[PDB]
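Here's the structure we're looking at; comments come further down.
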Amino acid sequence: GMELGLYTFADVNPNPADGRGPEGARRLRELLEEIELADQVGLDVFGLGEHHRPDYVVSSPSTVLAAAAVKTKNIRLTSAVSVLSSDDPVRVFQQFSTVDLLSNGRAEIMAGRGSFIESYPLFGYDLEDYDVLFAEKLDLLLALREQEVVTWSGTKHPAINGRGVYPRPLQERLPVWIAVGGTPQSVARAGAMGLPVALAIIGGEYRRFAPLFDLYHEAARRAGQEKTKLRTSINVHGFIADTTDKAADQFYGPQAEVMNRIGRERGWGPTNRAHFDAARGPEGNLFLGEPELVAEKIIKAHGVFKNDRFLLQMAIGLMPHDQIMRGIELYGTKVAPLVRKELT
Amino acid sequence: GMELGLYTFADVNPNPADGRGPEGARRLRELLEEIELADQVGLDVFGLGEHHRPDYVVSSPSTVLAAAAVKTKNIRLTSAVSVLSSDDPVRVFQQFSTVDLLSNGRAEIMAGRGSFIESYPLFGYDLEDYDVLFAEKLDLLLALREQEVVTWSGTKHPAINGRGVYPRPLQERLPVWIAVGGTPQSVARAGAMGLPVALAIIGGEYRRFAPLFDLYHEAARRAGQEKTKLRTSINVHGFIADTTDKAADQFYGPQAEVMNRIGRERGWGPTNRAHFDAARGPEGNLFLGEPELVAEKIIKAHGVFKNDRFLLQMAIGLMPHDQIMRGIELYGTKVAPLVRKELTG
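Just so you know, the protein sequences line up as chains A and B, in that order. For the first sequence, the tail end lands on 343 under PDB author numbering, and the numbers increase by one without skipping. For the second sequence, the tail end lands on 344 under PDB author numbering, and the numbers increase by one without skipping.
Here you go:
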């Protein structure tokens, strides 16, 4: 039925008192603790996103997921997202294949744009080439996973002339999800390819995205892709506490500081509590409150999307570790059983 | 003091009965057990080399070292080697900085040629470009470790215009070692740049390599590099077991396929017993035998090289896991104390 998981970018203080090294080490300590607890309370997936900024510690999700692999038993381990357009698909495949071996078949790649642009100047790419870079590198990533020895050529990556890529993973077909978007063009591309898609619901009302899944399914059905192979996920922000009032009070500040920073860099004004209270209402984008309320919204959202997977981002900005740990607990032991029993 | 460590390429059976996936999964589980034991018995360094072939499971040493980082306490964790010429130094720095954070300050990079010649086609390079690729990418890697925000340009890598590279590691200066095989040019360049060097001892009597370290120090002297920047290691093949005959038999046994690599690169065949026996004698390049024999050779080799670090590669070909585990135990509990007692006190 429904897969339930978590994802995070592993935020840090951009100006720590005792320097960026100790801050990073602390954050990664805490992050592993999050992943270990999520595994222990039976959550299905944990995602880590790639960023290239002083306020995030994870620029290499596969490296951190290798550590998670050997400290967990069941939880699936994915990027969320890999900014594939600015990386080398051979390296990405090798890294995730290695995580797959370390985790006994639990690795996945989620590839997409992300909402940040720091990777392009860092790695020497022009954003005007995003679409070609992503198309070619995704094509190459898919060729790599489909067989040991590949022959590939394009315009944006050197040719590969009948060479094996090692090591081979454990899974027959290492899963690759495409993170969209919210642009009809993006979902139809992925649909026509028969690839699973993950939709970030970032603001506004969640049901406004329903046509995107319609379009995904139509692009697939059109291209004669087998209905039953298609998977969909929604990736949302939110938080769970012992009461809805406590979830709201705890999440508001840490969350606002991040979403204000993002707005500044994208050209919009700061958030407020009224916007936040609207967002956490039944139709809003934020999946937030006591376990019962959050469970109810996940079930309702499924009525709308018929999504196979749901990923929740709670660890945002300077959310206290203890609060995140309690939220992960409540998500696994209270929210998940309610969702799972209704959707089975 | 003397740092004593291990390195491996994490060889697998290229013809596994139950498929490449399960073979790779088992090899990495076994490798982690090796590293954890090495940590537990107090060995100083563990290295993993990068290869791109069906008979090696580690094409991404940093990925595996991340896992080692969270399963160990004291051991330092290094590539051996990172084939830097064919990689992106920004990614390499980010990956090893991440290992550094996960390990609380225990990561290192050892950059070298490794098997570039076999693996350059995968990354789109031309063989001729090795020297400029290595020079520029090493220059970038060192720029990255020296400060948060860099401006760098060259001919074989895109420009970086005032960009930060994250996350920052824990160590003030992420150690970068240069692996050298015994070509004067490589050794001298490392010395002139004041970087620690790790020399591979392959073939003949180990003594014959000593002048290479002369050249390293002389290049450093004439470049006016600080004496205290300079560190040297020797990287050797060998094996430790409960008796010298057991070590020899187990290392030479046909089923382990060690000699197919060890003898081949030294210019002799897998059943050339005369050469293997000469190679493992007191002056030879193979550090092999019961613990007291191996410790005495390490001590003697120090009198020759004055090396700061000694790295041993035992886990080669299809050496049985149990035998490697016993060798690691003997290395940390018998060999290391003898060497440390004699060299330090």
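Backbone N, C-alpha and C define an ideal beta-carbon position, used for all residues, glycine too.
For residue i, the nearest candidate out of the options (CA to CA)
| i | options | result |
| --- | --- | --- |
| residue 347 (chain B) | B:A209, B:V186, B:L214, B:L30 | There is no way to answer for residue 347 (chain B), as the model of chain B reaches only from 0 to 344. |
| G163 (chain B) | B:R90, B:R26, B:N234 | B:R90 |
| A255 (chain A) | A:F212, A:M313, A:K136 | A:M313 |
| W151 (chain A) | A:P88, A:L42, A:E341, A:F286 | A:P88 |
| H50 (chain B) | B:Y165, B:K245, B:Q184, B:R112 | B:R112 |
| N12 (chain B) | A:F208, A:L143, A:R167, A:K70 | A:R167 |
| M258 (chain A) | A:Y215, A:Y6, A:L317 | A:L317 |
| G181 (chain A) | A:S114, A:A37, A:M192, A:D17 | A:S114 |
| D130 (chain A) | A:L83, A:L76, A:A142, A:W267 | A:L83 |
| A209 (chain B) | B:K305, B:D99, B:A273, B:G202 | B:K305 |
| residue 350 (chain B) | B:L76, B:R272, B:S102, B:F122 | Nothing about residue 350 (chain B) can be reported from this structure: the residues present for chain B run from 0 to 344 only. |
| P120 (chain A) | B:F122, B:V148, B:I261 | B:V148 |
| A222 (chain A) | A:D241, A:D248, A:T243, A:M192 | A:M192 |
| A240 (chain B) | B:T7, B:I116, B:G331, B:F122 | B:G331 |
| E29 (chain A) | A:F8, A:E145, A:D244, A:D17 | A:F8 |
| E225 (chain A) | A:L132, A:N271, A:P195 | A:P195 |
| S102 (chain B) | B:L337, B:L143, B:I74 | B:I74 |
| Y55 (chain B) | B:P15, B:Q146, B:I159, B:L143 | B:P15 |
| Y6 (chain B) | B:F238, B:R207, B:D213, B:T270 | B:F238 |
Contact under 8 angstroms by Cβ, residue i with residue j
| i | j | result |
| --- | --- | --- |
| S118 (chain B) | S78 (chain B) | no |
| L310 (chain B) | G46 (chain B) | yes |
| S232 (chain A) | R339 (chain A) | no |
| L229 (chain A) | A218 (chain A) | no |
| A178 (chain A) | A110 (chain A) | yes |
| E135 (chain B) | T154 (chain B) | yes |
| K333 (chain A) | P290 (chain A) | yes |
| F250 (chain B) | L211 (chain B) | no |
| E107 (chain B) | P174 (chain B) | yes |
| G190 (chain B) | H216 (chain B) | yes |
| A37 (chain A) | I327 (chain A) | yes |
| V44 (chain A) | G4 (chain A) | yes |
| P60 (chain B) | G41 (chain B) | no |
| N234 (chain A) | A197 (chain A) | yes |
| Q93 (chain A) | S96 (chain B) | no |
| residue 347 (chain B) | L285 (chain B) | Lying outside 0 to 344, the shown extent of chain B, residue 347 (chain B) is not represented and no answer is given. |
| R52 (chain B) | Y165 (chain A) | yes |
| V63 (chain A) | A65 (chain B) | yes |
| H301 (chain A) | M1 (chain A) | yes |
| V69 (chain B) | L100 (chain A) | no |
| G202 (chain B) | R265 (chain B) | yes |
Chain B contact residues for residue i, given Cβ-Cβ distances below 8 angstroms
| i | result |
| --- | --- |
| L121 (chain A) | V89, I159, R162, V164 |
| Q94 (chain A) | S59, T62 |
Run of the alpha helix (DSSP H) containing residue i, from where it starts to where it stops
| i | result |
| --- | --- |
| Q94 (chain B) | 88 to 101 |
| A218 (chain A) | 209 to 221 |
| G316 (chain A) | Taken as a continuous stretch (DSSP letters only), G316 (chain A) belongs to no alpha helix (DSSP H), as it is neither H nor E. |
| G252 (chain A) | 243 to 265 |
| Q322 (chain B) | 320 to 329 |
| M192 (chain A) | 183 to 192 |
| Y119 (chain A) | 118 to 122 |
| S61 (chain B) | 60 to 68 |
| residue 359 (chain A) | This structure leaves residue 359 (chain A) out entirely; chain A is present only between 0 and 343. |
| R339 (chain B) | 335 to 342 |
| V131 (chain A) | 129 to 145 |
7 angstroms Cβ cut-off: residues of chain A touching residue i
| i | result |
| --- | --- |
| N14 (chain B) | Within chain A, no residue comes near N14 (chain B); the closest Cβ sits about 14 angstroms away, beyond 7 angstroms. |
| residue 375 (chain B) | The displayed coordinates of chain B run from 0 to 344. Any statement about residue 375 (chain B) would go beyond what the structure contains. |
Amino acids of chain B, ordered along the chain, whose beta-carbon sits closer than 7 angstroms to that of residue i
| i | result |
| --- | --- |
| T97 (chain A) | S59, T62, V63 |
| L101 (chain A) | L27, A66 |
Where residue i meets chain B, residues with beta-carbon distance less than 9 angstroms
| i | result |
| --- | --- |
| residue 417 (chain A) | As shown, chain A starts at 0 and ends at 343. That puts residue 417 (chain A) outside it, with no answer to give. |
Test: residue i CB closer than 8 angstroms to a CB of chain E
| i | result |
| --- | --- |
| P53 (chain A) | Any reference to chain E falls outside this structure, whose protein chains are A and B. |
Where the beta strand (DSSP E) through residue i begins and ends
| i | result |
| --- | --- |
| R75 (chain A) | 75 to 78 |
| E107 (chain A) | 106 to 111 |
| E2 (chain B) | 2 to 7 |
| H236 (chain B) | 231 to 239 |
| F304 (chain B) | Element bounds for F304 (chain B): not the beta strand (DSSP E) but the alpha helix (DSSP H), 290 to 304. |
Per-residue contacts from residue i into chain A (C-beta, under 8 angstroms)
| i | result |
| --- | --- |
| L141 (chain B) | Here the premise fails: no neighbours, minimum Cβ distance about 17 angstroms. |
At a CB distance below 9 angstroms, what residues from the segment 59 to 77 of chain B approach chain A? Give them in sequence order. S59, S61, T62, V63, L64, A65, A66, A67, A68, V69, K70
Taking Cβ-Cβ distances below 7 angstroms as the criterion, which residues of the segment 22 to 45 of chain A are in contact with chain B? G23, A24, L27, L31
Which residues, in chain order, does the segment 179 to 206 of chain B contribute to contact with chain A at a C-beta distance below 7 angstroms? none
Contact set between the segment 294 to 320 of chain B and chain A, restricted to residues whose Cβ is under 7 angstroms from the partner: none
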